[PDB]
Amino acid sequence: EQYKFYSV
Amino acid sequence: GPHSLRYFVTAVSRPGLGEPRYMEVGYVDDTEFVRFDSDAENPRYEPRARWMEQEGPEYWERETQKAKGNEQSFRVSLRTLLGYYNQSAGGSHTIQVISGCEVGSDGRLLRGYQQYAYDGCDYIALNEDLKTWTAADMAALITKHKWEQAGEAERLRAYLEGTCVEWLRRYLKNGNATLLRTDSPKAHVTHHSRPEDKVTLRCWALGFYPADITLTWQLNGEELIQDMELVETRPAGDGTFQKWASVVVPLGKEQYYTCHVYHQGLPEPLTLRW
Amino acid sequence: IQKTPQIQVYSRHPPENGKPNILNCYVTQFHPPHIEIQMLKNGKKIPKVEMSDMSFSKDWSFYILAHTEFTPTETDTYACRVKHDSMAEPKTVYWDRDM
Amino acid sequence: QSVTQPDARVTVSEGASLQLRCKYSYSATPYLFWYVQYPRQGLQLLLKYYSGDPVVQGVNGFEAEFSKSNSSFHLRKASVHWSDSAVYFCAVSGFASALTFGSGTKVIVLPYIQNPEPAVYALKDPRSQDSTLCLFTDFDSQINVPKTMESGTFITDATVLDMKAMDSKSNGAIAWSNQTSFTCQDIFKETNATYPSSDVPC
Amino acid sequence: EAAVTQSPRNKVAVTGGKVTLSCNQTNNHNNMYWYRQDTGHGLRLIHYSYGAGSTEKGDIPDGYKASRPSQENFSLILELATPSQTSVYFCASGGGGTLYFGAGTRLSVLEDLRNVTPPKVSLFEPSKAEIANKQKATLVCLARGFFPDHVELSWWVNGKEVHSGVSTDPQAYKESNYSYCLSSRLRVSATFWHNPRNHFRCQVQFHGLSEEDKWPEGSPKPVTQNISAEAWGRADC
Ligand SMILES: *[C@@H]1O[C@H](CO)[C@@H](O[C@@H]2O[C@H](CO)[C@@H](O[C@@H]3O[C@H](CO)[C@@H](O)[C@H](O)[C@@H]3O)[C@H](O)[C@H]2NC(C)=O)[C@H](O)[C@H]1NC(C)=O
Ligand SMILES: *[C@@H]1O[C@H](CO)[C@@H](O[C@@H]2O[C@H](CO)[C@@H](O[C@@H]3O[C@H](CO)[C@@H](O)[C@H](O)[C@@H]3O)[C@H](O)[C@H]2NC(C)=O)[C@H](O)[C@H]1NC(C)=O
Ligand SMILES: *[C@@H]1O[C@H](CO)[C@@H](O[C@@H]2O[C@H](CO)[C@@H](O)[C@H](O)[C@H]2NC(C)=O)[C@H](O)[C@H]1NC(C)=O
Ligand SMILES: *[C@H]1O[C@H](CO)[C@@H](O[C@@H]2O[C@H](CO)[C@@H](O)[C@H](O)[C@H]2NC(C)=O)[C@H](O)[C@H]1NC(C)=O
Ligand SMILES: *[C@H]1O[C@H](CO)[C@@H](O)[C@H](O)[C@H]1NC(C)=O
């Protein structure tokens, strides 16, 4: 499953 | 052998055109198995390989909400990037991220990576220590420190060394029966007349799977590296691949040229003579 | 920046006059993702060309497959015309059965 | 991603062990968290679980164990004392990056009084004449402080106080009533010594 | 560190009123959250944000609005307050995983603004019985009569706040229907007490009417203020 990204 | 689980993430802002087009594509050992596209009718995660259908309704729901969340996240990064580079407001831009894990036959994580790119240019990326980042430019520094300020590295590492690896193992189960598919190329050589009493010998490799293949021409034992041309392997359109390689030889002396096709589906490396 | 798209026009199966086949137009190594891909028969845009979903590679370049069902004759001509911000002029690459 | 804490209140004795139950419902593995909330402030993290080893050790002897089977994430501390008294929250994250919180478990850890001397002294406000108020103090932490059974009267719940003079913890309950009369004995009928504020001759 | 500051700490607003709770953050975290806390409901999400300019409804958005002007702050607007919104609110900043919380904001939404009232505080001195046989002295501070229960009880000995030997009711109690009471103990040796050199003071900061709030007239204005009561140590004759 996918990751929960954290904006730049 | 080694297997990998990887998601390719794209976000492109379309100023005037509205909200950015967002897309997530997942790959197991380089074969697409899930995709999400904001620009579809009912944007939801859906299976892209038949074996992914054995996953219940929950799976799709969970990944869709997550994707919907990841979508807003990138919606904001797009904007954040305009400031970091003091760029136009009405210009379209692109963010691409590749994130995943490569684990060995012994189940150990060989590699974990999350790489970013903005407008086709490396932006940031997680070192192989899975503890620090390598910014590309002065804008990437702002994110490096900010991500270090929220201990993002720690949590990315957890996904990479656990979740990713754990879910890879699960898809391999459902997919062994299809992921192992192998299709040998059927080779052959064609003859094309050339001026100056010369000739083109084109050796073709078709119907093969997977794409990894290798073609070479041989002149009396040695393989010709010179004026030998070969096209990018390309998709037939039905899951098989094609590729050819050619060389220019003088007429009346081609029979001293042999083509060699190296594909994993062959009991042995084919060998072709005009 | 921007990358120039590379194009290849070819068919699924060994070209046979009078026999149904699929004409492919594979376009790669381009960025930004925006692009217009049209396939042409005797110089006239084919009615419906199927476009695969778009992907991108390890080097960040996008790629995509366009195809149409066709039955090649002896004298028909097929081409693929691609317009992309990386080119000042759209490029048209004709199909070569021996390529 | 859901989470719940089935025990609203947990009361243990100082020096005892402790376990806080937390259940989560969820189709995948979620992120899990435990926070503490002291008296009049926000939450502070004790520990989290992202993935990997199911046993995570946190601040101040706290630790939890994620059990996929049981779908639980119980918190533990081998030995708690008075200061562990607080409100503990279990939380979870899956779909979204925000945390969903359980209703919470209030933990009451009873300090143990080596030598109770249950007294109910009479105290007055020197500025307000005939101002009632009884102080029940130095009693056992196990015993039960009675409450009010009508309007007009009031008694406070137990409260612990601690002096920086070696062991000096001591429970306390305060009472007062608008009633024309009725002193402390009559209100704290179940206690012990009820010393009179009757001055000692000199 | 991971600082998050909410302002104000307390608020006494009336139905129909306008309330703005604000959160300032120095954590430089991209995500921010606004929660309310109530008994039986633990904490519940109202609105969060993925960054400056981002805002999205939580599990209970109804009745609230939010604005994310910049990275540093996230506000929860209450254009039209209803007594249902009386509660304690907390904003948190987050970095993708664990959240950091501010210290909260008590908010009371009243149907009327005239029931509010400052506290009456009196200091009950220690009985000589306690002091006699236990060599200890329990001074008892009691606060009665305040309504919106936004109060903080503190103890001051010889000008300095003391903590050791202090135990204050956690929650305020309710005597009548618009009147709350709160008490506290302060225990010291008998020596420290009989010492007339020592000064003791109970203080009760009451959070009430804002200066920018209107009050009818005559009766004093139930504005924030500290009310205290004192006792001086003394000899036992
Ligand atoms: C506490 O002392 C008060 C007097 O200081 C006693 O008086 C009355 O108590 C009742 C209950 O708290 C209050 O009821 C509300 O008052 C109105 C008007 O008096 C009445 O119509 C209602 O039926 C009701 O009682 C009443 O206001 C209050 N009166 C005053 C003058 O404040 C009370 O009985 C005492 N409690 C105890 C337990 O002894
Ligand atoms: C209510 O009583 C409290 C004391 O019990 C008074 O509180 C305190 O006053 C000072 C001054 O505002 C605050 O120290 C503040 O520190 C900052 C930075 O060091 C400084 O710039 C200020 O001059 C001040 O010294 C102190 O933190 C604050 N204490 C609390 C608990 O907030 C308050 O003034 C009283 N209110 C009334 C209306 O008298
Ligand atoms: C999950 O909970 C089960 C009980 O629901 C635990 O199983 C027990 O394990 C111990 C050790 O063998 C026994 O003392 C109990 O009697 C067992 N219970 C039953 C129903 O047989 C298990 O330990 C729990 N897991 C975690 C991580 O706490
Ligand atoms: C999955 O299918 C594979 C064949 O595709 C079956 O066969 C092998 O199993 C052994 C033991 O795990 C491995 O050493 C081989 O490498 C496997 N071969 C392949 C092709 O992966 C296997 O039995 C199948 N599993 C199920 C449950 O039917
Ligand atoms: C919050 O206060 C801090 C200083 O304490 C300041 O840096 C920031 O600008 C403030 N926010 C608002 C909205 O005034």
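All chains are named by letter (A, B, ...) in the order of the sequence lines, taking the proteins before the strands, and each is independently numbered beginning at 1. Whatever order the structure lists ligands and atoms in, that order sets their numbers, starting from 1. Computed over heavy atoms, backbone and side chain alike; hydrogens, waters and symmetry mates excluded.
A donor-acceptor pair under 3.5 Å is formed between the side chain of E:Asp169 and the backbone N or O of E:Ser183. Of the possible donor and acceptor atoms, one in the side chain of D:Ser85 sits under 3.5 Å from a partner among the backbone N and O of D:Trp82.
Heavy atoms of D:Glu65 found under 4.0 angstrom from ligand 3 belong exclusively to the side chain.
Under 4.0 Å is where a charged nitrogen must lie from a carboxylate oxygen, and between B:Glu55 and B:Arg170 at least one such pair does. Using a 4.0 Å cut-off between charged nitrogen and carboxylate oxygen, B:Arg50 and B:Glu53 count as a salt-bridge pair. Checked for salt-bridge contact, E:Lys120 and E:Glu175 miss the test: no charged N lies under 4.0 Å from a carboxylate O.
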Put together the list of close N/O pairs, under 3.5 Å, between ligand 4 and the protein, could you?
residue, atom, partner, partner atom, Å
ligand 4, 2 (O), B:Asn176, ND2, 2.2

Below 3.5 Å only, please: the N or O atoms of ligand 1 paired with protein N or O atoms, distance on each line.
residue, atom, partner, partner atom, Å
ligand 1, 2 (O), D:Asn178, ND2, 2.2
ligand 1, 36 (N), D:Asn178, OD1, 2.9
ligand 1, 36 (N), D:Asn178, ND2, 2.6
ligand 1, 39 (O), D:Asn178, OD1, 3.1
ligand 1, 39 (O), D:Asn178, ND2, 2.7

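D:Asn70 ND2, 3.9 Å is the protein heavy atom nearest to atom 22 (C) of ligand 3.
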Handout entry: side chain to side chain donor-acceptor pair (under 3.5 Å) evaluation trace for B:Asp238 with B:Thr240
Key = CA-CA 6 Å; B:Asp238 58 19; B:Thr240 57; 2.3 Å; yes
Practice task
Determine, stepwise, if the pair B:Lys66 / B:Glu63 fulfils salt bridge (charged side-chain N to carboxylate O under 4.0 Å, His left out).
Solution key: CA-CA 5 Å; B:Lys66 187 186 290 174; B:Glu63 291 306 270; 3.1 Å; yes
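By the salt bridge (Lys or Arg N to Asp or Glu O under 4.0 Å) test, B:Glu58 pairs with no residue at all, sequence neighbours left out.
Counting heavy atoms of neighbouring residues, nucleotides and ligands inside a 6.0 Å radius, atom CZ of B:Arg181 exceeds 12 of them.
Annotation: side chain to side chain donor-acceptor pair (under 3.5 Å) contacts involving residues 100-113 of chain B, sequence neighbours excluded, comprise B:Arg6-B:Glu102, B:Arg6-B:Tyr113, B:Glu102-B:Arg111, B:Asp106-B:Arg108.
Per-atom contact check: atom 12 (O) of ligand 3 does not touch the protein, criterion being a heavy-atom distance below 4.0 Å. Note that atom 27 (C) of ligand 3 has protein non-hydrogen atoms nearby, at separations under 4.0 angstrom. Within the 4.0 Å cut-off (strictly below), a protein heavy atom is located near atom 24 (C) of ligand 3. Atom 1 (C) of ligand 3 lies below 4.0 Å from at least one non-hydrogen atom of the protein.
Side-chain atoms of E:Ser184 and E:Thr168 form a donor-acceptor pair, as typed in the model, at a separation below 3.5 Å.
Checking B:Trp60, B:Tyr59, B:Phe33 one by one against B:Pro47, the side chain to side chain contact (heavy atoms under 4.5 Å, CB included) holds for a single residue, B:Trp60.
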